[PDB]
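Trainee: Below is the structure I would like to discuss, written out as structure tokens.
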Amino acid sequence: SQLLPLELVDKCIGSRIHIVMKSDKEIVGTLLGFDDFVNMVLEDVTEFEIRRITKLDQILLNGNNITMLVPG
Amino acid sequence: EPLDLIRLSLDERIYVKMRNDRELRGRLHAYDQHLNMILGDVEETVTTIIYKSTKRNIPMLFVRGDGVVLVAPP
Amino acid sequence: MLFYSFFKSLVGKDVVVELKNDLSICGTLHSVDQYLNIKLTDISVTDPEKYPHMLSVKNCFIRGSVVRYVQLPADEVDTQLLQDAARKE
Amino acid sequence: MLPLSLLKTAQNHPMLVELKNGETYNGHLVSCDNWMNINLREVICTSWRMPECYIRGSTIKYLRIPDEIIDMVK
Amino acid sequence: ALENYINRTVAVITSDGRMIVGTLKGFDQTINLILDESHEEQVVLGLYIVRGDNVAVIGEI
Amino acid sequence: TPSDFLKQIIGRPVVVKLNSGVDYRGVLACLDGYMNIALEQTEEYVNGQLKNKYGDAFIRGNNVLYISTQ
Amino acid sequence: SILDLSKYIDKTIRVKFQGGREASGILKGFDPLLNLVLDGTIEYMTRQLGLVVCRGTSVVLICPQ
């Protein structure tokens, strides 16, 4: 019955996601994929300080500084 | 592989960036995966807010890898 | 595993150690470990201002993780050995 | 004796944890693991009374023990 | 190894530059120090547990 | 799935951003399991101002926040 | 694990995060690594997100609500 978090990340693949660093930074783009360490592949990602950059292509975002993941 | 292309410059002058706005330049003597470093004939510049201080250590400074940001050549 | 070997070749040498918190300590390297923790004997003050709040104590355990620099003299270290061993890793 | 063992047997005692954050936490100890993760009951936290709290080990600065400690475990 | 320091009094410097004086009782591989009769001069506690993370420096006095 | 990526973009032009906010534009020579990167690239994006131009560079993997293509 | 998160589920919890973040939410799911799934997530930095996932490795503290 338990909902595993990695399963929650898995289903948001190909969706839009907000990724919230432990700092005051945020990235929103399409979630292409992730690994066990929760490193993350984003596509066409907006970078924010809470608009820094419009990324075009694929970003590997180091799971190290990730704090929160938000589908949508 | 990135750690091998560092073997590439051994005995070759190098430029090193460290946390806290310090910069070293010296001759690469040794490094480890942690990117620990031994350098010789090395000058350090500290930028403190703007002034920059210097420090010389010709014989052979060791550097703990965890402070290291960038390793290139001058 | 290499820098451990190196430090072992540095025992009974005088060294100056600079820790991250702007603390600077001269002394005789008496011991070295896997974390690169250092033990100094005959603690002394290299600089007037940085030097922390001690005096009578002559021996210190320094945590590896808190060192920035270790200061060494060209005489203390064979460079070529170092180079080929670094290549070796 | 080792820190971890000490905690392991200090189960049921009262103690005061300082966080890296600057937060003080007064509680009775309920569980400890090897990472020094803690669960405490009867908790008060200072910048709030709580039933139970969990604390990751890596975020503790230091722990004030009750002076009883040595005689209570041992 | 901190073994030669067991049960002796020590100077402790924390990474934040603070300074303690205590009896070193226990210590682990991560440098978690177990302390007794501690002082920061106002006495902090009779027994206290300190994280290796916080330790910059131990000195034998 | 991230490894496939690391091997997919080698030799493409990438921005690497560090924990400090500094950004390095260059060509991806290689990259290991610890996020170490081989770059030798410029340190300024453009508008803020170019801070250095270096041909060959090594970026310590602990410091990297991301590796992104253009 | 030392904390039985099973009780909390369907309960409102208060999680402190490394880096000075507060999150309050409804515990929907969790793992052995202490990653969580929260519902009606409000991040006190008022910031409202929804169904979030919180990385266990930066999970610094956890109480009820």
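Just remember, in the structure tokens the first chain shown is A, the second B, etc., residues are 1-based per chain, and ligands are 1-based in the order shown.
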Give as a PyMOL selection string every residue of chain C that touches chain E within 6 Å, counting only C-alpha atoms.

Mentor: chain C and resi 57+59-63+66

Trainee: Grab the residues selected above and save them as a compact mmCIF listing (two decimals), in the first residue's frame with N, CA and C atoms.

Mentor:
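Saved as result-v7.txt:
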# COMPACT_ATOMS: atom_id res chain seq x y z
N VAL C 57 50.26 23.96 26.07
CA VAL C 57 50.11 22.73 25.30
C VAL C 57 51.18 22.67 24.22
N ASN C 59 51.43 19.55 22.22
CA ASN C 59 51.02 18.53 21.26
C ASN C 59 49.57 18.68 20.84
N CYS C 60 49.31 18.59 19.54
CA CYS C 60 47.94 18.71 19.03
C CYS C 60 47.56 17.62 18.07
N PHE C 61 46.30 17.23 18.18
CA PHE C 61 45.64 16.48 17.15
C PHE C 61 44.89 17.47 16.24
N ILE C 62 45.29 17.52 14.98
CA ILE C 62 44.56 18.28 13.97
C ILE C 62 43.74 17.34 13.07
N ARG C 63 42.43 17.61 12.98
CA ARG C 63 41.50 16.91 12.08
C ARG C 63 41.91 17.20 10.64
N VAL C 66 40.02 19.83 8.36
CA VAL C 66 40.09 21.26 8.65
C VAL C 66 41.36 21.94 8.15

Trainee: Could you pull out the strand (DSSP E) residues of chain F, going by DSSP on the backbone, and write them as JSON, numbers by chain?

Mentor: {"F": [13, 14, 15, 16, 17, 18, 23, 24, 25, 26, 27, 37, 38, 58, 59, 64, 65, 66, 67, 68, 69]}

Trainee: Might you pull out every residue within 6 Å of region 64-73 of chain B, with only C-alpha atoms counted and same-chain residues fewer than 5 positions away left off, and present them as JSON, numbers by chain?

Mentor: {"B": [14, 15, 16, 17, 18, 19, 34, 35, 36], "C": [68], "F": [57, 58, 59, 60]}

Trainee: Got a sec: who's within 10 Å of region 6-23 of chain D, counting only C-alpha atoms, leaving out chain neighbours fewer than 6 positions off, as a ChimeraX atom specification?

Mentor: /D:29-34,36,38-47,55-70,72-74 /E:26,34,48-50,54 /G:18-20,60-61

Trainee: Keeping N, CA and C atoms for every residue in the selection just given, could you write it to a file as a short mmCIF file (atom, residue, chain, number, x, y, z; two decimals), in the first residue's frame?

Mentor:
data_model
loop_
_atom_site.label_atom_id
_atom_site.label_comp_id
_atom_site.auth_asym_id
_atom_site.auth_seq_id
_atom_site.Cartn_x
_atom_site.Cartn_y
_atom_site.Cartn_z
N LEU D 29 15.41 10.74 25.36
CA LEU D 29 15.88 9.99 24.20
C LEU D 29 15.10 8.68 23.99
N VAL D 30 14.63 8.42 22.77
CA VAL D 30 13.95 7.15 22.50
C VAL D 30 14.72 6.14 21.60
N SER D 31 15.35 6.60 20.53
CA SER D 31 16.15 5.69 19.71
C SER D 31 17.36 6.34 19.05
N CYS D 32 18.40 5.53 18.84
CA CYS D 32 19.64 5.97 18.20
C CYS D 32 20.10 4.91 17.21
N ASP D 33 20.68 5.33 16.09
CA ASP D 33 21.31 4.39 15.17
C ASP D 33 22.77 4.75 14.95
N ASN D 34 23.42 4.08 14.02
CA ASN D 34 24.84 4.31 13.84
C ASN D 34 25.19 5.63 13.19
N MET D 36 23.80 8.21 14.13
CA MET D 36 23.45 9.09 15.24
C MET D 36 22.12 9.82 15.01
N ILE D 38 18.43 10.45 15.78
CA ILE D 38 17.78 10.35 17.09
C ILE D 38 16.26 10.47 16.99
N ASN D 39 15.56 9.76 17.86
CA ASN D 39 14.15 10.02 18.06
C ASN D 39 14.01 10.41 19.52
N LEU D 40 13.30 11.49 19.81
CA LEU D 40 13.09 11.88 21.20
C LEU D 40 11.61 12.05 21.51
N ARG D 41 11.20 11.74 22.73
CA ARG D 41 9.84 12.01 23.18
C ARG D 41 9.81 13.28 24.03
N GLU D 42 8.61 13.66 24.49
CA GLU D 42 8.45 14.76 25.44
C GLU D 42 9.32 15.97 25.13
N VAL D 43 9.13 16.50 23.94
CA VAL D 43 10.09 17.39 23.33
C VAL D 43 9.66 18.84 23.44
N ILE D 44 10.64 19.71 23.66
CA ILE D 44 10.49 21.14 23.52
C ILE D 44 11.64 21.66 22.65
N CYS D 45 11.32 22.43 21.62
CA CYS D 45 12.34 23.00 20.75
C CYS D 45 12.33 24.53 20.81
N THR D 46 13.52 25.12 20.86
CA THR D 46 13.65 26.57 20.94
C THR D 46 14.32 27.13 19.70
N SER D 47 13.72 28.16 19.12
CA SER D 47 14.28 28.81 17.94
C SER D 47 15.76 29.12 18.14
N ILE D 55 15.70 13.44 14.34
CA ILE D 55 16.84 14.31 14.03
C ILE D 55 17.91 13.54 13.26
N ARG D 56 18.24 13.99 12.06
CA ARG D 56 19.33 13.37 11.34
C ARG D 56 20.64 13.64 12.09
N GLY D 57 21.55 12.68 12.08
CA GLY D 57 22.78 12.78 12.85
C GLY D 57 23.67 13.92 12.40
N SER D 58 23.70 14.14 11.09
CA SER D 58 24.61 15.11 10.48
C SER D 58 24.28 16.54 10.83
N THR D 59 23.18 16.76 11.53
CA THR D 59 22.75 18.12 11.80
C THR D 59 22.87 18.52 13.27
N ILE D 60 23.40 17.59 14.07
CA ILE D 60 23.74 17.82 15.46
C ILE D 60 25.12 18.47 15.57
N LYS D 61 25.24 19.49 16.42
CA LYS D 61 26.53 20.04 16.81
C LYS D 61 27.05 19.30 18.03
N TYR D 62 26.28 19.36 19.11
CA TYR D 62 26.67 18.72 20.36
C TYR D 62 25.49 18.40 21.25
N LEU D 63 25.70 17.41 22.11
CA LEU D 63 24.65 16.95 23.01
C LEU D 63 25.00 17.12 24.48
N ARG D 64 24.24 17.96 25.19
CA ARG D 64 24.32 18.02 26.65
C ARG D 64 23.58 16.84 27.30
N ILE D 65 24.35 16.04 28.02
CA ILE D 65 23.84 14.88 28.75
C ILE D 65 23.49 15.24 30.20
N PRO D 66 22.58 14.49 30.81
CA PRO D 66 22.35 14.64 32.25
C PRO D 66 23.53 14.03 33.00
N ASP D 67 23.90 14.63 34.13
CA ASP D 67 25.13 14.27 34.84
C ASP D 67 25.10 12.84 35.39
N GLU D 68 23.90 12.37 35.69
CA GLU D 68 23.62 10.95 35.95
C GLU D 68 24.33 9.96 35.02
N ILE D 69 24.61 10.41 33.80
CA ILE D 69 24.86 9.55 32.64
C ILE D 69 25.74 8.33 32.87
N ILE D 70 26.96 8.57 33.33
CA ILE D 70 27.95 7.52 33.59
C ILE D 70 27.41 6.38 34.45
N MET D 72 24.18 5.68 34.94
CA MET D 72 22.92 5.13 34.42
C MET D 72 23.11 4.07 33.33
N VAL D 73 23.87 4.40 32.28
CA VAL D 73 24.29 3.37 31.34
C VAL D 73 25.10 2.30 32.08
N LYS D 74 26.28 2.69 32.56
CA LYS D 74 27.17 1.76 33.25
C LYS D 74 26.74 1.48 34.70
N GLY E 26 35.68 9.58 25.70
CA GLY E 26 35.51 8.69 24.57
C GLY E 26 35.76 9.38 23.25
N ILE E 34 33.53 12.12 23.30
CA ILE E 34 32.78 12.11 24.57
C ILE E 34 33.50 12.92 25.65
N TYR E 48 29.13 15.82 28.12
CA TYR E 48 28.60 16.27 26.84
C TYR E 48 29.16 15.53 25.65
N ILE E 49 28.34 15.37 24.63
CA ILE E 49 28.74 14.66 23.41
C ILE E 49 28.95 15.65 22.28
N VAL E 50 30.08 15.53 21.61
CA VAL E 50 30.45 16.50 20.58
C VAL E 50 30.78 15.83 19.24
N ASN E 54 32.49 19.18 14.19
CA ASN E 54 32.74 20.46 14.82
C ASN E 54 34.18 20.61 15.23
N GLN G 18 17.85 20.91 5.21
CA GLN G 18 19.13 21.58 5.23
C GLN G 18 19.13 22.76 4.28
N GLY G 19 19.48 23.93 4.81
CA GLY G 19 19.54 25.14 4.03
C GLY G 19 18.49 26.15 4.44
N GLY G 20 17.79 25.88 5.54
CA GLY G 20 16.88 26.83 6.13
C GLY G 20 15.48 26.83 5.55
N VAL G 60 16.47 17.13 7.51
CA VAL G 60 17.20 17.52 8.70
C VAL G 60 16.40 17.30 10.01
N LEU G 61 15.09 17.56 9.98
CA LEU G 61 14.26 17.25 11.16
C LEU G 61 12.80 17.02 10.80
#

Trainee: Can you tell me, as a list in words, what residues are no more than 7 Å from residue 44 (chain F) when counting only C-alpha atoms, ignoring any on the same chain fewer than 5 positions away?

Mentor: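 Non-adjacent residues within range: residues 23, 24, 49, 50, 51 and 52 of chain F.
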
Trainee: Using CA of residue 77 (chain C) and CA of residue 17 (chain C) as the two end points, give the distance in Å to one decimal.

Mentor: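 Rounded to one decimal, the two atoms are 16.4 Å apart.
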
Trainee: Could you pull the residues within 10 Å of residue 31 (chain G), counting only C-alpha atoms, minus those fewer than 3 positions along the same chain, as number ranges by chain?

Mentor: A: 2-6; G: 5, 34-37, 56

Trainee: Would you put the residues from that selection into a file with N, CA, C and O atoms, as a PDB file, in the first residue's frame?

Mentor:
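Saved result, again.pdb, follows:
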ATOM      1  N   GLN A   2       2.089   1.193   0.455  1.00  0.00           N
ATOM      2  CA  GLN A   2       2.918   2.388   0.582  1.00  0.00           C
ATOM      3  C   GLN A   2       3.274   2.989  -0.777  1.00  0.00           C
ATOM      4  O   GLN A   2       3.541   2.271  -1.733  1.00  0.00           O
ATOM      5  N   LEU A   3       3.268   4.314  -0.863  1.00  0.00           N
ATOM      6  CA  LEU A   3       3.686   4.988  -2.084  1.00  0.00           C
ATOM      7  C   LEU A   3       5.168   5.330  -2.022  1.00  0.00           C
ATOM      8  O   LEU A   3       5.572   6.198  -1.271  1.00  0.00           O
ATOM      9  N   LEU A   4       5.977   4.657  -2.825  1.00  0.00           N
ATOM     10  CA  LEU A   4       7.387   4.978  -2.899  1.00  0.00           C
ATOM     11  C   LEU A   4       7.641   6.252  -3.706  1.00  0.00           C
ATOM     12  O   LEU A   4       7.131   6.417  -4.809  1.00  0.00           O
ATOM     13  N   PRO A   5       8.424   7.172  -3.136  1.00  0.00           N
ATOM     14  CA  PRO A   5       8.882   8.420  -3.761  1.00  0.00           C
ATOM     15  C   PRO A   5       9.554   8.270  -5.139  1.00  0.00           C
ATOM     16  O   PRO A   5       9.389   9.137  -6.017  1.00  0.00           O
ATOM     17  N   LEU A   6      10.315   7.204  -5.351  1.00  0.00           N
ATOM     18  CA  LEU A   6      10.991   7.066  -6.636  1.00  0.00           C
ATOM     19  C   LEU A   6       9.956   6.745  -7.715  1.00  0.00           C
ATOM     20  O   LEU A   6      10.129   7.078  -8.895  1.00  0.00           O
TER      21      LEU A   6
ATOM     22  N   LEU G   5       7.628   5.603  10.309  1.00  0.00           N
ATOM     23  CA  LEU G   5       6.859   6.590   9.555  1.00  0.00           C
ATOM     24  C   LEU G   5       5.425   6.150   9.229  1.00  0.00           C
ATOM     25  O   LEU G   5       4.606   6.942   8.739  1.00  0.00           O
ATOM     26  N   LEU G  34      14.560   7.659   3.621  1.00  0.00           N
ATOM     27  CA  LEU G  34      13.894   8.813   4.212  1.00  0.00           C
ATOM     28  C   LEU G  34      13.462   9.885   3.208  1.00  0.00           C
ATOM     29  O   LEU G  34      13.071  10.976   3.599  1.00  0.00           O
ATOM     30  N   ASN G  35      13.501   9.579   1.916  1.00  0.00           N
ATOM     31  CA  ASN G  35      12.755  10.390   0.958  1.00  0.00           C
ATOM     32  C   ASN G  35      11.265  10.339   1.302  1.00  0.00           C
ATOM     33  O   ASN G  35      10.750   9.282   1.684  1.00  0.00           O
ATOM     34  N   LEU G  36      10.577  11.473   1.169  1.00  0.00           N
ATOM     35  CA  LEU G  36       9.134  11.536   1.426  1.00  0.00           C
ATOM     36  C   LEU G  36       8.293  12.004   0.250  1.00  0.00           C
ATOM     37  O   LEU G  36       8.775  12.685  -0.670  1.00  0.00           O
ATOM     38  N   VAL G  37       7.016  11.638   0.312  1.00  0.00           N
ATOM     39  CA  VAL G  37       6.002  12.167  -0.582  1.00  0.00           C
ATOM     40  C   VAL G  37       5.010  12.961   0.260  1.00  0.00           C
ATOM     41  O   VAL G  37       4.313  12.392   1.107  1.00  0.00           O
ATOM     42  N   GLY G  56      15.407  12.690   1.061  1.00  0.00           N
ATOM     43  CA  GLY G  56      15.729  12.260   2.406  1.00  0.00           C
ATOM     44  C   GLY G  56      17.095  12.697   2.894  1.00  0.00           C
ATOM     45  O   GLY G  56      17.336  12.866   4.093  1.00  0.00           O
TER      46      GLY G  56
END

Trainee: Could you jot down the CA of residue 11 (chain A) to CA of residue 63 (chain A) separation for me, Å, one decimal place?

Mentor: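 Separation of CA of residue 11 (chain A) and CA of residue 63 (chain A): 17.9 Å.
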
Trainee: Please provide the set of residues having any atom within 8 Å of residue 30 (chain B), restricted to only C-alpha atoms, with same-chain residues fewer than 3 positions apart removed, written as a ChimeraX atom specification.

Mentor: /B:10,36-39 /C:82-83,86

Trainee: Could the residues of chain A that have an atom at most 8 Å from chain F be listed as JSON lines, each with its closest atom pair and the distance in Å to one decimal, counting only C-alpha atoms and ordered by chain and ascending residue number?

Mentor:
{"residue": "A:33", "atom": "CA", "partner": "F:1", "partner_atom": "CA", "distance": 6.5}
{"residue": "A:34", "atom": "CA", "partner": "F:1", "partner_atom": "CA", "distance": 6.6}
{"residue": "A:35", "atom": "CA", "partner": "F:1", "partner_atom": "CA", "distance": 6.5}
{"residue": "A:39", "atom": "CA", "partner": "F:2", "partner_atom": "CA", "distance": 7.4}
{"residue": "A:40", "atom": "CA", "partner": "F:2", "partner_atom": "CA", "distance": 7.4}
{"residue": "A:41", "atom": "CA", "partner": "F:2", "partner_atom": "CA", "distance": 7.1}
{"residue": "A:55", "atom": "CA", "partner": "F:70", "partner_atom": "CA", "distance": 6.8}
{"residue": "A:56", "atom": "CA", "partner": "F:70", "partner_atom": "CA", "distance": 5.3}
{"residue": "A:57", "atom": "CA", "partner": "F:69", "partner_atom": "CA", "distance": 5.7}
{"residue": "A:58", "atom": "CA", "partner": "F:69", "partner_atom": "CA", "distance": 5.8}
{"residue": "A:59", "atom": "CA", "partner": "F:68", "partner_atom": "CA", "distance": 4.1}
{"residue": "A:60", "atom": "CA", "partner": "F:67", "partner_atom": "CA", "distance": 5.2}
{"residue": "A:61", "atom": "CA", "partner": "F:66", "partner_atom": "CA", "distance": 4.6}
{"residue": "A:62", "atom": "CA", "partner": "F:65", "partner_atom": "CA", "distance": 5.3}
{"residue": "A:64", "atom": "CA", "partner": "F:65", "partner_atom": "CA", "distance": 7.9}
{"residue": "A:65", "atom": "CA", "partner": "F:65", "partner_atom": "CA", "distance": 7.2}

Trainee: Have a look at CA of residue 43 (chain F) and CA of residue 11 (chain B) and let me know their distance in Å, one decimal.

Mentor: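 Value for the CA of residue 43 (chain F)-CA of residue 11 (chain B) distance: 25.3 Å.
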